[PDB]
Amino acid sequence: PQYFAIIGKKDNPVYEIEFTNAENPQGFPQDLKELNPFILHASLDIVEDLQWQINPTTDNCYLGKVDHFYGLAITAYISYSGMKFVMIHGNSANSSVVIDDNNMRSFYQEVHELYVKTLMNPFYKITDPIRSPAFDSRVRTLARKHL
Amino acid sequence: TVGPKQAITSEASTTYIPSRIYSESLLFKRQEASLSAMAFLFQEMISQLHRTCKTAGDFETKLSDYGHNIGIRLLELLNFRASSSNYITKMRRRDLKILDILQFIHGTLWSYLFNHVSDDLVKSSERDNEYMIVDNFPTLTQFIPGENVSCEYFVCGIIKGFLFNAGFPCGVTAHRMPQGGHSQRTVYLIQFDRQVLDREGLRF
Amino acid sequence: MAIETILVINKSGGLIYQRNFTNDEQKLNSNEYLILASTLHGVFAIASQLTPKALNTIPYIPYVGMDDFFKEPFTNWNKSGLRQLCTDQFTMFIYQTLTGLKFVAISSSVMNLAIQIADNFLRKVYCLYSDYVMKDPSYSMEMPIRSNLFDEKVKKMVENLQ
Amino acid sequence: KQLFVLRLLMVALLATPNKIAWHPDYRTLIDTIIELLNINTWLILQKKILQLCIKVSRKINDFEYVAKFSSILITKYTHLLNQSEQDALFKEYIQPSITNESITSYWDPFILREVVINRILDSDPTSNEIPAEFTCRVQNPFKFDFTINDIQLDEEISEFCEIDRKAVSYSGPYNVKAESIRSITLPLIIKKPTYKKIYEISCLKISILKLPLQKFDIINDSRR
Amino acid sequence: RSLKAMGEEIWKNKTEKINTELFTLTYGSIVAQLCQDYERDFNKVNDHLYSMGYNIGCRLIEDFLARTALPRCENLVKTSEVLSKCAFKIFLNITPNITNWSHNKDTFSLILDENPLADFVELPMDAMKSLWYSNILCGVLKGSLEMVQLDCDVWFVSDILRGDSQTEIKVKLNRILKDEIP
């Protein structure tokens with residue numbers, strides 16, 4: 001299971017979704033209610049640290065797994081307007097994420113495309129939650145096809 | 001009813017495909033319109049703001065907010081279309097110096113808003129954090145008498161809206177320096193703050 | 001042919017624009033131009049009113065000016081109305097527009113083709129009026145012309161004519 | 001990350017089976033964890049910090065802070081505190097406060113709507129003796145009022161007026177509803193003859209199981 | 001010679017081109033600010049966009065007649081042909097066509113296949129019954145047509161952005177009996 005989020009510049013979320021494998025019909029045992037918002041706000045610190053630097057620990061829009069913490073692989077992405085696309089990776093065992101950078105990158109690229117399609121609405125201003133079910137339908141089909 | 005400010009939903013991956021409702025191509029088709037129609041909408045903008053405002057200053061800030069609401073849109077659209085959709089593409093530089101986002105403006109923004117590239121772009125010798133962006137002929141506002149400058153703030157309202165949302169907060173004012181054969185030349189100067197500069201003071 | 005004094009009147013009132021430019025002299029302009037513009041407004045209606053028992057109107061392009069504004073022969077919106085006035089010292093060329101707005105060029109040249117070059121020139125100054133006054137947001141409707149830019153847009157046109 | 005490890009300290013101190021007395025390191029810890037988020041953005045995390053801060057200040061047994069952070073959790077009233085489930089614990093952390101020092105002026109002045117002060121005579125033989133304003137005579141006035149929280153047991157007691165004339169009331173010890181606008185019944189002014197001069201009134205005094213508080217003025221205007 | 005031919009000729013002389021996306025962005029910022037400052041009361045902003053469009057069209061007609069010289073439209077089907085073939089073809093790059101006349105030929109519907117005034121726009125849900133988005137043309141289609149003394153009234157029926165199938169505007173004229181004496 002994976003918790004996905006898009007966070008504003010003033011530390012607020014515009015999108016949040018949690019999606020799991022169907023074998024575990026309930027997902028993230030006891031971490032979902034308490035741990036997963038807090039470790040994401042913790043990772044916002046180090047994504048804010050690496051946004052301004054030149055040579056990382058190329059092209060600065062994607063970046064790798066940013067930390068590893070209670071066996072959870074936390075993967076980020078930084079848009080052009082400053083939005084941050086932090087999405088974590090859970091499993092009962094340890095998880096490999098770097099092998100999915102052939103696929104994950106493409107996933108962050110077209111959800112960036114979806115966010116640009118959201119932003120081009122003149123009615124939708126920033127610091128608003130993305131309250132659209134069509135956006136949910138596209139991001140869960142992209143979650144299915146980029147598993 | 002998907003994302004409120006109240007909770008997060010949990011739904012399984014690899015389930016059924018849901019309905020298809022709305023979609024559109026992000027890449028631009030090449031569309032053209034007359035200069036007269038956009039000039040008419042521009043003077044109607046300035047006429048309504050002349051009608052519903054008292055003095056010059058808050059009129060200028062309202063016009064700059066009008067430009068801001070194009071610029072914060074326009075940043076991601078131009079960078080995403082300069083990176084290249086469903087077609088396989090990567091991610092540009094996402095530039096983070098001061099001296100190359102102004103290069104990005106003078107190269108791509110003015111050649112996107114207008115047919116022609118922006119003319120000159122120089123620094124200030126007398127002081128740092130002051131940058132000159134200059135054209136020779138403003139095609140937004142060529143239809144007003146030249147002694148008023150406040151109607152020229154809309155386009156620099158774009159530029160502040162291009163800059164503050166990109167991570168470099170700043171402030172812009174515009175003046176008219178009648179140099180050479182061009183009677184209207186329209187310098188826009190960009191005043192940054194100290195808190196960005198020492199940031200790139202920290203980065204060697 | 002040669003144009004020496006320009007006058008733009010209202011569609012329903014006293015005039016908006018007047019210039020006695022390129023006459024290197026001082027003539028009176030204060031408050032008699034409003035009276036004469038109102039009498040032109042009256043006698044256009046009087047000159048249209050009488051009908052001789054009759055019971056065309058096409059211009060030609062001479063490439064006047066200086067990419068011109070139009071490259072084809074065109075049409076006219078005053079079939080039965082005053083078109084010029086001819087005296088000893090001047091000929092006055094008038095051209096009205098379909099909305100009711102008229103344009104007056106007092107020409108000090110003395111004594112057919114003059115109507116063609118006059119209608120072409122006054123259609124070009126109608127084009128510059130539309131492109132440089134009606135676009136202005138500060139210009140309210142049916143007020144005197146205050147644009148400084150319209151001045152050197154028409155001075156250069158007249159000094160390009162001769 | 002300092003926010004996360006102070007949360008870890010506070011939740012590890014929460015789950016102990018022992019008991020611990022008051023100590024001002026807890027005081028400076030509570031002020032730096034409240035001031036650490038910019039509280040006085042994300043709101044779910046602010047709820048999840050002060051929902052632990054109220055439990056720690058209960059476990060320390062200092063009721064001034066559970067009263068204070070309950071009257072800071074009143075800012076997040078109209079969303080993200082669900083339909084009397086978390087408002088049940090928001091009650092059971094505020095009932096021992098309201099039976100103790102928490103005597104603040106019921107969390108908001110946005111309770112009273114625009115009341116109407118008509119009177120209903122029954123005789124056509126008497127009508128408006130004289131030589132907007134109301135021209136009162138007898139009958140009685142009427143008020144209506146609401147609260148907006150998901151909790152129950154908002155209890156008005158002894159609703160009466162200001163430093164105006166001998167307009168009085170009788171008794172008001174009954175309830176008012178949770179979400180709706182319950183119209184409170186007849187207050188029955190027993191008015192006294194005075195001088196002709198007009199002067200409007202802002203509001204009237206209502207206690208919520210306390211002493212009678214200040215104004216709680218009318219919404220959107222003074223509504224004279 | 002024919003209007004449907006020479007409109008393209010005016011489309012390649014003395015029409016300085018500008019990108020339509022900028023026009024959409026400034027119109028979207030106008031209607032977004034108008035939505036915001038009127039406290040989400042969506043019936044007033046159609047009236048305010050009409051009051052802007054009247055002052056657009058009453059100055060636009062004197063530029064349209066200046067750029068292309070035409071005689072007066074002797075019947076209103078010629079008015080429909082010039083609005084279909086040169087008025088929206090010179091200024092915008094769109095060719096709408098006319099359908100759905102009244103039987104006495106007083107009313108005409110201007111079906112409009114795609115609108116280049118609203119590309120990226122998705123309306124909010126509370127505004128989905130009481131805001132016609134591209135209202136501004138209706139003021140133009142009063143104003144310009146009120147200055148050639150075709151005293152008409154202009155109103156929408158349906159649009160694609162409100163979930164209906166098509167965008168069309170139905171205009172009918174009331175009286176004329178007025179014009180320049182010449």
# chains A, B, ... in the order shown; residues from 1 in each chain; ligands from 1
$ closest_atom_pairs --of "stretch 5-78 of chain D" --to "stretch 105-110 of chain D" --cutoff "9 Å" --atoms "only C-alpha atoms" --output "Markdown table"
| residue | atom | partner | partner_atom | distance |
| --- | --- | --- | --- | --- |
| D:71 | CA | D:107 | CA | 6.4 |
| D:72 | CA | D:107 | CA | 8.8 |
| D:74 | CA | D:107 | CA | 6.5 |
| D:75 | CA | D:107 | CA | 8.6 |
$ interface_residues --of "chain D" --to "chain A" --cutoff "7 Å" --atoms "only C-alpha atoms" --output "list in words"
residues 1, 4, 41 and 42 of chain D
$ write_last_selection --atoms "N, CA, C and O atoms" --output "PDB file, in the first residue's frame"
ATOM      1  N   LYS D   1      11.203  17.951  11.767  1.00  0.00           N
ATOM      2  CA  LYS D   1      11.695  16.748  12.424  1.00  0.00           C
ATOM      3  C   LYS D   1      11.721  16.927  13.941  1.00  0.00           C
ATOM      4  O   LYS D   1      11.491  15.966  14.688  1.00  0.00           O
ATOM      5  N   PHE D   4       8.261  16.184  14.968  1.00  0.00           N
ATOM      6  CA  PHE D   4       7.990  14.752  15.041  1.00  0.00           C
ATOM      7  C   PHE D   4       8.597  14.125  16.302  1.00  0.00           C
ATOM      8  O   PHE D   4       7.964  13.282  16.945  1.00  0.00           O
ATOM      9  N   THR D  41      -3.233  26.937   6.803  1.00  0.00           N
ATOM     10  CA  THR D  41      -2.303  25.849   6.534  1.00  0.00           C
ATOM     11  C   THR D  41      -2.993  24.501   6.721  1.00  0.00           C
ATOM     12  O   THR D  41      -4.202  24.391   6.528  1.00  0.00           O
ATOM     13  N   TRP D  42      -2.201  23.481   7.055  1.00  0.00           N
ATOM     14  CA  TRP D  42      -2.736  22.177   7.420  1.00  0.00           C
ATOM     15  C   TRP D  42      -3.502  22.308   8.726  1.00  0.00           C
ATOM     16  O   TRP D  42      -3.079  23.033   9.625  1.00  0.00           O
TER      17      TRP D  42
END
$ closest_atom_pairs --of "chain A" --to "chain B" --cutoff "6 Å" --atoms "only C-alpha atoms" --output "tab-separated table"
residue	atom	partner	partner_atom	distance
A:17	CA	B:8	CA	5.9
A:18	CA	B:10	CA	5.0
A:19	CA	B:11	CA	5.3
A:20	CA	B:12	CA	4.7
A:21	CA	B:13	CA	5.4
A:22	CA	B:12	CA	5.5
A:59	CA	B:93	CA	4.4
A:80	CA	B:76	CA	5.8
A:81	CA	B:166	CA	5.4
A:131	CA	B:3	CA	5.4
A:133	CA	B:2	CA	5.8
A:144	CA	B:14	CA	5.0
$ write_last_selection --atoms "N, CA and C atoms" --output "PDB file, in the first residue's frame"
ATOM      1  N   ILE A  17      -4.556  10.630  -1.132  1.00  0.00           N
ATOM      2  CA  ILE A  17      -5.203   9.356  -1.419  1.00  0.00           C
ATOM      3  C   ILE A  17      -4.291   8.247  -0.889  1.00  0.00           C
ATOM      4  N   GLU A  18      -4.911   7.151  -0.448  1.00  0.00           N
ATOM      5  CA  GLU A  18      -4.220   5.957   0.019  1.00  0.00           C
ATOM      6  C   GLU A  18      -4.761   4.768  -0.758  1.00  0.00           C
ATOM      7  N   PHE A  19      -3.870   4.025  -1.410  1.00  0.00           N
ATOM      8  CA  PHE A  19      -4.288   2.897  -2.227  1.00  0.00           C
ATOM      9  C   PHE A  19      -3.441   1.673  -1.917  1.00  0.00           C
ATOM     10  N   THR A  20      -4.094   0.513  -1.874  1.00  0.00           N
ATOM     11  CA  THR A  20      -3.521  -0.717  -1.350  1.00  0.00           C
ATOM     12  C   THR A  20      -3.676  -1.848  -2.357  1.00  0.00           C
ATOM     13  N   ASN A  21      -2.890  -2.902  -2.154  1.00  0.00           N
ATOM     14  CA  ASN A  21      -3.074  -4.140  -2.899  1.00  0.00           C
ATOM     15  C   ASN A  21      -4.274  -4.892  -2.342  1.00  0.00           C
ATOM     16  N   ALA A  22      -4.995  -5.593  -3.223  1.00  0.00           N
ATOM     17  CA  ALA A  22      -6.287  -6.169  -2.858  1.00  0.00           C
ATOM     18  C   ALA A  22      -6.177  -7.406  -1.970  1.00  0.00           C
ATOM     19  N   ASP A  59      18.501  17.868 -13.422  1.00  0.00           N
ATOM     20  CA  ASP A  59      17.197  18.327 -13.921  1.00  0.00           C
ATOM     21  C   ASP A  59      16.159  18.680 -12.851  1.00  0.00           C
ATOM     22  N   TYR A  80       7.084  22.728 -10.982  1.00  0.00           N
ATOM     23  CA  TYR A  80       7.688  24.008 -11.331  1.00  0.00           C
ATOM     24  C   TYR A  80       7.168  25.132 -10.447  1.00  0.00           C
ATOM     25  N   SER A  81       5.898  25.068 -10.045  1.00  0.00           N
ATOM     26  CA  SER A  81       5.319  26.117  -9.213  1.00  0.00           C
ATOM     27  C   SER A  81       5.667  25.978  -7.742  1.00  0.00           C
ATOM     28  N   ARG A 131     -11.150  19.271  -5.313  1.00  0.00           N
ATOM     29  CA  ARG A 131     -12.390  18.561  -5.014  1.00  0.00           C
ATOM     30  C   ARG A 131     -13.083  18.121  -6.304  1.00  0.00           C
ATOM     31  N   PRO A 133     -13.955  14.565  -8.741  1.00  0.00           N
ATOM     32  CA  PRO A 133     -13.939  13.096  -8.793  1.00  0.00           C
ATOM     33  C   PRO A 133     -13.285  12.551 -10.050  1.00  0.00           C
ATOM     34  N   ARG A 144      -3.268   2.064 -10.930  1.00  0.00           N
ATOM     35  CA  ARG A 144      -3.426   0.688 -11.387  1.00  0.00           C
ATOM     36  C   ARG A 144      -2.409   0.343 -12.469  1.00  0.00           C
TER      37      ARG A 144
END
$ atom_distance --atom1 "atom CA of residue A:47" --atom2 "atom CA of residue D:33"
22.3 Å
$ residues_around --residues "residue C:32" --least-positions-apart "6" --cutoff "12 Å" --atoms "only C-alpha atoms" --output "PDB file with N, CA, C and O atoms, in the first residue's frame"
ATOM      1  N   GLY C  14     -21.830  69.329 -31.621  1.00  0.00           N
ATOM      2  CA  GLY C  14     -20.673  70.124 -31.969  1.00  0.00           C
ATOM      3  C   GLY C  14     -19.404  69.299 -31.991  1.00  0.00           C
ATOM      4  O   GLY C  14     -19.332  68.212 -31.424  1.00  0.00           O
ATOM      5  N   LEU C  15     -18.376  69.867 -32.620  1.00  0.00           N
ATOM      6  CA  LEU C  15     -17.243  69.094 -33.120  1.00  0.00           C
ATOM      7  C   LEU C  15     -16.339  68.609 -31.998  1.00  0.00           C
ATOM      8  O   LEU C  15     -16.339  69.163 -30.895  1.00  0.00           O
ATOM      9  N   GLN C  18     -10.304  69.766 -34.021  1.00  0.00           N
ATOM     10  CA  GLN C  18      -9.999  70.801 -35.007  1.00  0.00           C
ATOM     11  C   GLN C  18      -8.524  71.177 -34.967  1.00  0.00           C
ATOM     12  O   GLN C  18      -7.962  71.377 -33.894  1.00  0.00           O
ATOM     13  N   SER C  38     -22.052  72.958 -36.239  1.00  0.00           N
ATOM     14  CA  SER C  38     -23.491  72.752 -36.103  1.00  0.00           C
ATOM     15  C   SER C  38     -24.242  73.139 -37.375  1.00  0.00           C
ATOM     16  O   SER C  38     -25.257  72.515 -37.715  1.00  0.00           O
ATOM     17  N   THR C  39     -23.746  74.143 -38.113  1.00  0.00           N
ATOM     18  CA  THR C  39     -24.441  74.489 -39.351  1.00  0.00           C
ATOM     19  C   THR C  39     -24.144  73.488 -40.468  1.00  0.00           C
ATOM     20  O   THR C  39     -25.017  73.246 -41.302  1.00  0.00           O
TER      21      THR C  39
END
$ closest_atom_pairs --of "chain D" --to "chain B" --cutoff "9 Å" --atoms "only C-alpha atoms" --output "Markdown table"
| residue | atom | partner | partner_atom | distance |
| --- | --- | --- | --- | --- |
| D:42 | CA | B:5 | CA | 8.9 |
| D:43 | CA | B:5 | CA | 8.0 |
| D:44 | CA | B:6 | CA | 7.2 |
| D:79 | CA | B:6 | CA | 7.1 |
| D:80 | CA | B:6 | CA | 4.9 |
| D:81 | CA | B:6 | CA | 8.4 |
| D:82 | CA | B:6 | CA | 8.9 |
$ write_last_selection --atoms "C-alpha atoms" --output "PDB file, in the first residue's frame"
ATOM      1  CA  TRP D  42      -2.736  22.177   7.420  1.00  0.00           C
ATOM      2  CA  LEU D  43      -5.479  21.710  10.012  1.00  0.00           C
ATOM      3  CA  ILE D  44      -5.562  17.922  10.514  1.00  0.00           C
ATOM      4  CA  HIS D  79     -15.511  20.870  10.097  1.00  0.00           C
ATOM      5  CA  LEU D  80     -13.130  17.968  10.932  1.00  0.00           C
ATOM      6  CA  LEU D  81     -14.714  17.285  14.363  1.00  0.00           C
ATOM      7  CA  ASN D  82     -17.282  14.697  13.325  1.00  0.00           C
TER       8      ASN D  82
END
$ interface_residues --of "chain C" --to "chain E" --cutoff "7 Å" --atoms "only C-alpha atoms" --output "list in words"
residues 45, 48, 69, 74, 75, 77, 78, 79, 80, 81, 98, 99, 100, 126, 127, 130, 131 and 134 of chain C
$ residues_around --residues "residue B:99" --least-positions-apart "4" --cutoff "12 Å" --atoms "only C-alpha atoms" --output "VMD selection string"
chain B and resid 95 103 to 106 121 to 123 129 to 132 168 200
$ residues_around --residues "residue E:15" --least-positions-apart "3" --cutoff "7 Å" --atoms "only C-alpha atoms" --output "PyMOL selection string"
(chain B and resi 34-35) or (chain E and resi 11-12)
$ write_last_selection --atoms "N, CA, C and O atoms" --output "PDB file, in the first residue's frame"
ATOM      1  N   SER B  34      -7.011  38.649 -33.646  1.00  0.00           N
ATOM      2  CA  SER B  34      -6.634  40.006 -34.017  1.00  0.00           C
ATOM      3  C   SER B  34      -6.123  40.776 -32.807  1.00  0.00           C
ATOM      4  O   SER B  34      -6.478  40.474 -31.665  1.00  0.00           O
ATOM      5  N   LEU B  35      -5.282  41.777 -33.069  1.00  0.00           N
ATOM      6  CA  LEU B  35      -4.775  42.633 -32.001  1.00  0.00           C
ATOM      7  C   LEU B  35      -5.867  43.534 -31.446  1.00  0.00           C
ATOM      8  O   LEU B  35      -5.829  43.908 -30.263  1.00  0.00           O
TER       9      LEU B  35
ATOM     10  N   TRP E  11      -8.126  38.632 -43.427  1.00  0.00           N
ATOM     11  CA  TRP E  11      -7.344  37.851 -42.472  1.00  0.00           C
ATOM     12  C   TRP E  11      -5.862  37.758 -42.846  1.00  0.00           C
ATOM     13  O   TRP E  11      -5.042  37.442 -41.977  1.00  0.00           O
ATOM     14  N   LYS E  12      -5.479  38.078 -44.083  1.00  0.00           N
ATOM     15  CA  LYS E  12      -4.066  38.297 -44.369  1.00  0.00           C
ATOM     16  C   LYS E  12      -3.683  39.713 -44.798  1.00  0.00           C
ATOM     17  O   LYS E  12      -2.637  39.864 -45.442  1.00  0.00           O
TER      18      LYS E  12
END
$ closest_residue --among "C:152, C:72, C:144, C:133" --to "chain B" --atoms "only C-alpha atoms"
C:133
$ select_by_dssp --residues "stretch 124-175 of chain B" --states "strand (DSSP E)" --output "JSON, numbers by chain"
{"B": [130, 131, 132, 133, 134, 170, 171, 172, 173, 174, 175]}
